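Shown next: final_17.txt, given as compact mmCIF, C-alpha atoms and all ligand atoms.
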```txt
# COMPACT_ATOMS: atom_id res chain seq x y z
CA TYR A 1 15.40 -21.15 -25.51
CA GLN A 2 17.75 -20.02 -28.28
CA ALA A 3 18.25 -16.65 -26.60
CA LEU A 4 19.47 -18.31 -23.40
CA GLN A 5 21.62 -20.99 -25.06
CA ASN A 6 23.15 -18.76 -27.75
CA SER A 7 23.98 -15.98 -25.30
CA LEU A 8 26.05 -17.95 -22.80
CA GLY A 9 26.95 -20.80 -25.17
CA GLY A 10 28.44 -21.58 -28.56
CA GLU A 11 31.94 -22.51 -27.33
CA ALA A 12 31.06 -20.30 -24.33
CA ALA A 13 29.40 -23.06 -22.29
CA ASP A 14 29.02 -26.76 -21.76
CA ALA A 15 25.94 -28.04 -19.91
CA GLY A 16 27.59 -27.02 -16.62
CA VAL A 17 28.41 -23.40 -17.42
CA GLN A 18 24.81 -22.85 -18.53
CA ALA A 19 23.47 -24.22 -15.23
CA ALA A 20 25.94 -22.24 -13.12
CA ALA A 21 25.08 -19.00 -14.93
CA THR A 22 21.37 -19.80 -14.69
CA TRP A 23 21.69 -20.13 -10.92
CA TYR A 24 23.90 -17.07 -10.53
CA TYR A 25 21.68 -14.75 -12.57
CA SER A 26 18.21 -16.23 -11.86
CA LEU A 27 17.56 -16.89 -15.54
CA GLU A 28 14.22 -18.61 -16.20
CA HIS A 29 14.36 -20.55 -19.46
CA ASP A 30 10.62 -21.36 -19.54
CA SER A 31 9.15 -17.96 -18.72
CA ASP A 32 6.98 -15.92 -21.08
CA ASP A 33 7.79 -12.48 -19.65
CA UNK A 34 10.21 -11.31 -22.38
CA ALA A 35 10.79 -8.11 -20.41
CA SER A 36 12.10 -9.71 -17.21
CA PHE A 37 13.88 -12.51 -19.08
CA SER A 38 15.65 -9.99 -21.33
CA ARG A 39 16.65 -7.87 -18.34
CA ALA A 40 18.19 -10.85 -16.54
CA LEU A 41 19.88 -12.11 -19.72
CA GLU A 42 21.25 -8.64 -20.55
CA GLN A 43 22.74 -8.42 -17.07
CA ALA A 44 24.23 -11.89 -17.58
CA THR A 45 25.72 -11.18 -21.02
CA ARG A 46 26.98 -7.68 -20.22
CA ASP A 47 29.27 -9.13 -17.55
CA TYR A 48 30.35 -12.12 -19.64
CA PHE A 49 30.97 -10.34 -22.94
CA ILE A 50 31.77 -6.73 -22.04
CA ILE A 51 32.58 -5.69 -18.49
CA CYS A 52 34.61 -8.62 -17.19
CA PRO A 53 36.76 -8.95 -20.36
CA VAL A 54 37.56 -5.23 -19.98
CA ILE A 55 38.69 -5.77 -16.39
CA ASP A 56 40.68 -8.86 -17.38
CA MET A 57 42.51 -6.91 -20.09
CA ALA A 58 43.29 -3.99 -17.80
CA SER A 59 44.62 -6.43 -15.19
CA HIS A 60 46.80 -8.26 -17.71
CA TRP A 61 48.10 -5.00 -19.18
CA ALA A 62 49.08 -3.72 -15.74
CA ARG A 63 50.40 -7.02 -14.35
CA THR A 64 52.78 -7.68 -17.36
CA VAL A 65 53.97 -3.96 -17.65
CA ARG A 66 52.68 -3.51 -21.24
CA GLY A 67 52.11 0.24 -20.57
CA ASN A 68 50.20 2.63 -18.29
CA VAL A 69 46.60 1.46 -17.58
CA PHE A 70 43.65 3.76 -16.75
CA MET A 71 40.10 2.44 -16.35
CA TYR A 72 36.76 4.22 -16.31
CA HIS A 73 33.18 3.08 -15.85
CA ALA A 74 30.16 5.03 -17.06
CA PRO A 75 27.21 4.42 -14.72
CA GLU A 76 23.69 3.78 -15.96
CA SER A 77 21.83 6.58 -17.76
CA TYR A 78 18.21 7.11 -18.77
CA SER A 79 18.47 10.43 -20.54
CA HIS A 80 19.50 10.05 -24.18
CA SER A 81 18.23 6.71 -25.51
CA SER A 82 17.35 8.33 -28.85
CA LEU A 83 21.07 8.75 -29.53
CA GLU A 84 22.83 5.49 -30.36
CA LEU A 85 26.07 6.67 -28.77
CA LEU A 86 26.55 5.51 -25.20
CA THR A 87 27.46 7.79 -22.30
CA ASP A 88 31.25 7.49 -22.54
CA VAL A 89 31.44 8.40 -26.32
CA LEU A 90 28.80 11.23 -26.00
CA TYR A 91 30.84 12.94 -23.24
CA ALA A 92 34.30 12.16 -24.63
CA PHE A 93 33.41 13.63 -28.04
CA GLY A 94 31.40 16.56 -26.75
CA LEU A 95 27.92 15.98 -28.15
CA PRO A 96 26.34 18.34 -25.55
CA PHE A 97 28.10 21.12 -27.51
CA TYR A 98 26.82 20.09 -30.95
CA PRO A 99 24.50 22.68 -32.53
CA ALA A 100 22.21 19.84 -33.71
CA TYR A 101 21.37 18.99 -30.08
CA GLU A 102 20.78 22.49 -28.71
CA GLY A 103 18.12 22.42 -26.01
CA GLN A 104 18.60 18.72 -25.23
CA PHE A 105 21.44 18.85 -22.68
CA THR A 106 21.70 20.53 -19.30
CA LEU A 107 24.52 22.85 -18.30
CA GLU A 108 25.70 20.11 -15.92
CA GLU A 109 26.05 17.66 -18.81
CA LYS A 110 27.98 20.27 -20.80
CA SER A 111 30.27 20.89 -17.84
CA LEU A 112 30.78 17.15 -17.28
CA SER A 113 31.52 16.60 -20.97
CA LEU A 114 34.10 19.39 -21.01
CA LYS A 115 35.97 17.78 -18.10
CA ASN B 1 -18.36 -18.69 -13.66
CA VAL B 2 -19.55 -15.18 -12.81
CA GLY B 3 -16.62 -13.77 -14.76
CA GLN B 4 -17.33 -15.95 -17.78
CA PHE B 5 -21.16 -15.61 -17.50
CA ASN B 6 -21.52 -19.39 -17.09
CA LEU B 7 -24.54 -18.85 -14.88
CA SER B 8 -27.47 -20.74 -16.44
CA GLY B 9 -27.68 -23.25 -13.58
CA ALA B 10 -27.24 -20.68 -10.80
CA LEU B 11 -29.22 -17.63 -11.93
CA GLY B 12 -32.76 -17.21 -13.16
CA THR B 13 -34.13 -14.28 -15.13
CA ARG B 14 -37.27 -13.60 -13.08
CA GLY B 15 -35.50 -11.06 -10.84
CA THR B 16 -36.07 -7.35 -11.26
CA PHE B 17 -32.57 -6.61 -12.54
CA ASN B 18 -32.82 -6.50 -16.32
CA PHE B 19 -30.21 -8.90 -17.70
CA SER B 20 -31.41 -8.67 -21.31
CA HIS B 21 -30.85 -4.91 -21.33
CA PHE B 22 -27.46 -5.45 -19.66
CA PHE B 23 -26.32 -7.97 -22.27
CA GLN B 24 -27.77 -5.94 -25.14
CA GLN B 25 -25.64 -2.95 -24.11
CA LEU B 26 -22.58 -5.22 -23.97
CA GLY B 27 -23.35 -6.87 -27.31
CA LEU B 28 -23.47 -10.33 -25.75
CA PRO B 29 -25.83 -13.31 -26.15
CA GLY B 30 -26.37 -13.78 -22.41
CA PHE B 31 -25.70 -16.76 -20.18
CA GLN B 32 -23.24 -19.15 -21.83
CA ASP B 33 -21.85 -22.51 -20.66
CA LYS B 34 -20.78 4.78 -25.32
CA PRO B 35 -20.96 4.47 -21.54
CA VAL B 36 -22.48 1.12 -20.58
CA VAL B 37 -24.87 1.58 -17.64
CA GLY B 38 -25.55 -1.28 -15.25
CA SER B 39 -27.37 -1.29 -11.93
CA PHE B 40 -28.48 2.06 -10.44
CA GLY B 41 -26.91 4.18 -13.16
CA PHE B 42 -23.37 3.03 -12.38
CA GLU B 43 -21.01 3.11 -15.33
CA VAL B 44 -19.63 -0.39 -15.83
CA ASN B 45 -16.43 -1.49 -17.49
CA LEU B 46 -16.80 -5.21 -18.06
CA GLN B 47 -13.04 -5.91 -18.38
CA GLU B 48 -12.26 -4.13 -15.12
CA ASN B 49 -15.17 -5.98 -13.38
CA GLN B 50 -13.85 -9.35 -14.75
CA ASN B 51 -10.31 -8.48 -13.65
CA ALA B 52 -11.72 -7.69 -10.20
CA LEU B 53 -13.48 -11.05 -10.08
CA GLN B 54 -10.27 -12.82 -11.11
CA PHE B 55 -8.33 -10.91 -8.44
CA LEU B 56 -10.69 -12.06 -5.67
CA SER B 57 -10.55 -15.68 -6.85
CA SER B 58 -6.76 -15.75 -6.55
CA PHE B 59 -6.86 -13.56 -3.43
CA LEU B 60 -8.86 -16.32 -1.70
CA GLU B 61 -6.18 -18.90 -2.57
CA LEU B 62 -3.27 -17.12 -0.89
CA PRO B 63 -1.92 -18.94 2.18
CA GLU B 64 -1.10 -15.45 3.47
CA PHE B 65 -4.82 -14.65 3.62
CA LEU B 66 -5.43 -17.22 6.36
CA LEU B 67 -2.63 -15.69 8.44
CA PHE B 68 -4.04 -12.22 7.78
CA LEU B 69 -7.46 -13.40 8.95
CA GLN B 70 -6.00 -14.95 12.10
CA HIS B 71 -4.17 -11.74 13.01
CA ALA B 72 -7.07 -9.45 12.04
CA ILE B 73 -9.43 -11.36 14.33
CA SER B 74 -7.21 -10.32 17.25
CA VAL B 75 -7.22 -6.57 16.53
CA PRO B 76 -9.28 -4.85 19.26
CA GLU B 77 -12.75 -3.59 18.34
CA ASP B 78 -11.84 -0.32 20.07
CA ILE B 79 -9.54 0.62 17.18
CA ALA B 80 -11.25 -1.37 14.39
CA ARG B 81 -14.94 -2.13 14.78
CA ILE C 1 13.93 -13.35 25.66
CA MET C 2 12.73 -15.58 28.51
CA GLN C 3 9.30 -14.01 28.04
CA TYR C 4 9.36 -14.80 24.31
CA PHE C 5 10.28 -18.43 24.95
CA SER C 6 7.86 -18.84 27.86
CA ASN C 7 5.05 -17.46 25.69
CA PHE C 8 5.79 -19.98 22.95
CA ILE C 9 5.91 -22.87 25.43
CA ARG C 10 2.61 -21.82 27.01
CA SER C 11 0.63 -20.86 23.90
CA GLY C 12 2.62 -21.75 20.77
CA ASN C 13 3.22 -18.11 19.91
CA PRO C 14 6.12 -16.06 21.36
CA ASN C 15 3.86 -12.99 21.50
CA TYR C 16 1.12 -14.32 23.83
CA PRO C 17 1.27 -15.95 27.28
CA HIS C 18 -2.28 -17.32 26.97
CA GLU C 19 -4.06 -19.28 24.27
CA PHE C 20 -7.36 -17.44 24.86
CA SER C 21 -6.08 -13.87 25.14
CA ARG C 22 -4.68 -11.74 22.34
CA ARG C 23 -3.51 -8.63 24.17
CA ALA C 24 -0.48 -7.17 22.44
CA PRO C 25 2.91 -7.84 24.08
CA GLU C 26 4.43 -4.91 25.94
CA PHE C 27 7.80 -6.25 27.12
CA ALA C 28 9.27 -6.00 23.60
CA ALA C 29 8.35 -5.66 19.94
CA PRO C 30 6.07 -8.33 18.44
CA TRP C 31 7.68 -11.35 16.81
CA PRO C 32 6.36 -11.95 13.26
CA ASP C 33 5.36 -15.26 11.73
CA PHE C 34 7.78 -16.92 9.30
CA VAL C 35 6.15 -16.70 5.86
CA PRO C 36 8.03 -18.81 3.28
CA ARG C 37 7.88 -16.46 0.25
CA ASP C 38 10.55 -14.15 -1.22
CA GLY C 39 10.28 -10.63 0.28
CA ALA C 40 8.94 -12.09 3.53
CA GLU C 41 10.89 -14.77 5.55
CA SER C 42 11.08 -12.56 8.69
CA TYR C 43 13.02 -13.47 11.82
CA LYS C 44 13.68 -12.01 15.26
CA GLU C 45 17.25 -10.84 15.78
CA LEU C 46 18.42 -11.54 19.34
CA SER C 47 20.20 -8.23 19.87
CA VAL C 48 19.58 -5.49 22.41
CA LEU C 49 16.89 -3.73 20.37
CA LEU C 50 15.25 -7.03 19.32
CA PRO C 51 14.51 -5.93 15.73
CA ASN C 52 12.70 -7.87 13.00
CA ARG C 53 14.77 -8.52 9.87
CA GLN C 54 14.09 -10.26 6.56
CA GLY C 55 15.88 -12.91 4.48
CA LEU C 56 18.72 -14.35 6.61
CA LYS C 57 21.72 -15.44 4.52
CA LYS C 58 19.59 -15.28 1.34
CA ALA C 59 22.55 -15.37 -1.06
CA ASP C 60 24.53 -18.03 0.81
CA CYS C 61 21.58 -20.35 1.40
CA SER C 62 20.56 -20.09 -2.26
CA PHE C 63 24.03 -21.38 -3.17
CA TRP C 64 23.70 -24.46 -0.96
CA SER C 65 20.01 -25.22 -1.41
CA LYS C 66 19.64 -24.46 -5.13
CA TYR C 67 22.99 -24.73 -6.92
CA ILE C 68 24.72 -27.31 -4.72
CA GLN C 69 21.63 -29.48 -4.23
CA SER C 70 21.42 -29.60 -8.04
CA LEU C 71 25.08 -30.55 -8.46
CA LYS C 72 24.47 -33.47 -6.09
CA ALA C 73 21.31 -34.37 -8.04
CA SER C 74 23.29 -35.21 -11.19
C1 LIG D 1 -35.43 -4.63 -20.10
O1 LIG D 1 -35.16 -3.41 -20.79
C2 LIG D 1 -35.69 -3.37 -22.13
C3 LIG D 1 -35.24 -2.04 -22.71
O2 LIG D 1 -34.98 -1.09 -21.69
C4 LIG D 1 -37.20 -3.52 -22.10
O3 LIG D 1 -37.69 -3.57 -23.44
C5 LIG D 1 -37.59 -4.79 -21.36
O4 LIG D 1 -39.00 -4.86 -21.22
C6 LIG D 1 -36.94 -4.83 -19.97
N1 LIG D 1 -37.25 -6.08 -19.30
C7 LIG D 1 -38.16 -6.18 -18.33
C8 LIG D 1 -38.86 -4.92 -17.94
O5 LIG D 1 -38.41 -7.25 -17.78
```

Output the file's structure in the form of structure tokens.
Amino acid sequence: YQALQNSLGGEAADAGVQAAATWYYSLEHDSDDXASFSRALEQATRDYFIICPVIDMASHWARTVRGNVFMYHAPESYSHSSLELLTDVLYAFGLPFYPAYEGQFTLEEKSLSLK
Amino acid sequence: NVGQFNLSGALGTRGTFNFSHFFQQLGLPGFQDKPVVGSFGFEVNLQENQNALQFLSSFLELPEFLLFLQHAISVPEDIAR
Amino acid sequence: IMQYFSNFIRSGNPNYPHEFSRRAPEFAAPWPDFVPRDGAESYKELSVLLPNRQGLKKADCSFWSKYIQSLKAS
């Protein structure tokens, strides 16, 4: 209950926003499958808190001529969950080339990181 | 009731299958209300057998099962005896 | 399509012209039953190949039947 209300609420929702998001993302408040419920909630909160605010800021920055705007998106990965860095930081800072991670990255990940 | 061994009013103990030996291997009192060997030297996992009994009980409640039965009755005996 | 509709009128099943015969239809592909569960909900598409498809307008009809019918229920 608290996970669903706190996520999309706390000045982020009235009783109507919660219901609309529940419909849109198929969020089941009274389930016991923490796995499925967490997956649906994580999809709901990633868009609300992370992805859509990024797109809104890029749109505002381009629409009002505040500077040059360039957007990327790093698609889903399954490979390096032991590292707390996400895919965009791991490639942008060149972790496939770190001596501490020798033997853990393919030559394709090294080549992608270098680009 | 088969899954929960609530069988005192449905099963007697006169039959030739040895229920006392079966329950002794399982560490169970009997009818309520190591490799374990059951009938004919089959190795028995009680939790798998109880899951299988639960599966059939819900399998018999599916409205899809009646439709399956209706369609399966019509399959020719030439291809399915 | 006239054979589908004639079969339903005669026997209550678009696949069979007779109530007491269950020989498979040969004029076209069989028409599945409508099973009201997610993943099922099959229909016959009335196009040239007469294919069987699943979940007509699933997103749009969820909007009207779940979200909108709950807005009108409050
Ligand atoms: C069941 O098995 C036990 C041990 O194998 C044996 O002592 C008992 O007599 C058996 N019950 C019968 C034969 O009715």

Please check which protein, DNA or RNA residues sit within 9 Å of ligand LIG 1 (chain D), counting all atoms listed in the file, and write them as a PDB file with C-alpha atoms, keeping the file's coordinate frame.
```pdb
ATOM      1  CA  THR B  13     -34.130 -14.280 -15.130  1.00  0.00           C
ATOM      2  CA  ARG B  14     -37.270 -13.600 -13.080  1.00  0.00           C
ATOM      3  CA  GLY B  15     -35.500 -11.060 -10.840  1.00  0.00           C
ATOM      4  CA  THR B  16     -36.070  -7.350 -11.260  1.00  0.00           C
ATOM      5  CA  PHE B  17     -32.570  -6.610 -12.540  1.00  0.00           C
ATOM      6  CA  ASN B  18     -32.820  -6.500 -16.320  1.00  0.00           C
ATOM      7  CA  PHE B  19     -30.210  -8.900 -17.700  1.00  0.00           C
ATOM      8  CA  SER B  20     -31.410  -8.670 -21.310  1.00  0.00           C
ATOM      9  CA  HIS B  21     -30.850  -4.910 -21.330  1.00  0.00           C
ATOM     10  CA  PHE B  22     -27.460  -5.450 -19.660  1.00  0.00           C
ATOM     11  CA  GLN B  24     -27.770  -5.940 -25.140  1.00  0.00           C
TER      12      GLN B  24
END
```

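The spacing separating atom CA of residue B:67 from atom CA of residue C:42 amounts to 14.1 Å.
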
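Nearest residue to residue A:73 among A:100, A:114, A:12, A:89 is A:89, counting all atoms listed in the file.
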
Report task. Could you list, as a count of residues only, the residues of chain C having an atom within 10 Å of chain B when counting all atoms listed in the file? Result -> 8

Could you list, as an mmCIF file with C-alpha atoms, in the coordinates of the input, the residues of chain A having an atom within 9 Å of chain C when counting all atoms listed in the file?
```cif
data_model
loop_
_atom_site.group_PDB
_atom_site.id
_atom_site.type_symbol
_atom_site.label_atom_id
_atom_site.label_comp_id
_atom_site.auth_asym_id
_atom_site.auth_seq_id
_atom_site.Cartn_x
_atom_site.Cartn_y
_atom_site.Cartn_z
ATOM 1 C CA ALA A 19 23.470 -24.220 -15.230
ATOM 2 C CA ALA A 20 25.940 -22.240 -13.120
ATOM 3 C CA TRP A 23 21.690 -20.130 -10.920
ATOM 4 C CA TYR A 24 23.900 -17.070 -10.530
#
```

Query raised in the report: Which neighbours of residue A:93 fall inside 12 Å, counting all atoms listed in the file, when residues of the same chain fewer than 3 positions from it are skipped, and could you give them as a ChimeraX atom specification?
Result: /A:85-90,96-98,110,112-115

**Report entry** One-decimal distance in Å that lies between atom CA of residue C:31 and atom CA of residue C:15
**Finding:**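 These atoms are spaced 6.3 Å apart.
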
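In this model, the gap between atom CA of residue B:44 and atom CA of residue B:65 comes to 28.3 Å.
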
Requested in this report: Please provide the set of residues having any atom within 12 Å of residue C:44, restricted to only C-alpha atoms, with same-chain residues fewer than 3 positions apart removed, written as JSON, numbers by chain.
Outcome: {"C": [1, 4, 14, 15, 28, 29, 30, 31, 32, 33, 34, 41, 47, 48, 49, 50, 51, 52, 53, 54, 55, 56]}

Taking every listed atom of stretch 64-71 of chain C and adding 6 Å to each side, what centre and edge lengths in Å (one decimal) does the axis-aligned box have, as JSON?
```
{"center_x": 22.4, "center_y": -27.5, "center_z": -4.7, "size_x": 17.4, "size_y": 18.1, "size_z": 19.5}
```

**Report entry** Surrounding residues of stretch 45-58 of chain A excluding itself and chain neighbours under 6 positions, 12 Å, all atoms listed in the file, as a PyMOL selection string
**Finding:** chain A and resi 3-9+12-13+17-18+21-22+24-25+27+38-39+64-74

Requested in this report: Give as a ChimeraX atom specification the set of residues within 12 Å of the point (-22.8, -1.5, -25.0), where distances use the file's coordinates and all atoms listed in the file.
Outcome: /B:20-28,34-38,43-46

Same residues, C-alpha atoms, saved as a JSON list (two decimals), in the frame of the given file:
```
[["chain", "number", "residue", "atom", "x", "y", "z"],
["B", 20, "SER", "CA", -31.41, -8.67, -21.31],
["B", 21, "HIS", "CA", -30.85, -4.91, -21.33],
["B", 22, "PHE", "CA", -27.46, -5.45, -19.66],
["B", 23, "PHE", "CA", -26.32, -7.97, -22.27],
["B", 24, "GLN", "CA", -27.77, -5.94, -25.14],
["B", 25, "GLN", "CA", -25.64, -2.95, -24.11],
["B", 26, "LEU", "CA", -22.58, -5.22, -23.97],
["B", 27, "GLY", "CA", -23.35, -6.87, -27.31],
["B", 28, "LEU", "CA", -23.47, -10.33, -25.75],
["B", 34, "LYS", "CA", -20.78, 4.78, -25.32],
["B", 35, "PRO", "CA", -20.96, 4.47, -21.54],
["B", 36, "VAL", "CA", -22.48, 1.12, -20.58],
["B", 37, "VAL", "CA", -24.87, 1.58, -17.64],
["B", 38, "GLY", "CA", -25.55, -1.28, -15.25],
["B", 43, "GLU", "CA", -21.01, 3.11, -15.33],
["B", 44, "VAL", "CA", -19.63, -0.39, -15.83],
["B", 45, "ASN", "CA", -16.43, -1.49, -17.49],
["B", 46, "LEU", "CA", -16.80, -5.21, -18.06]]
```
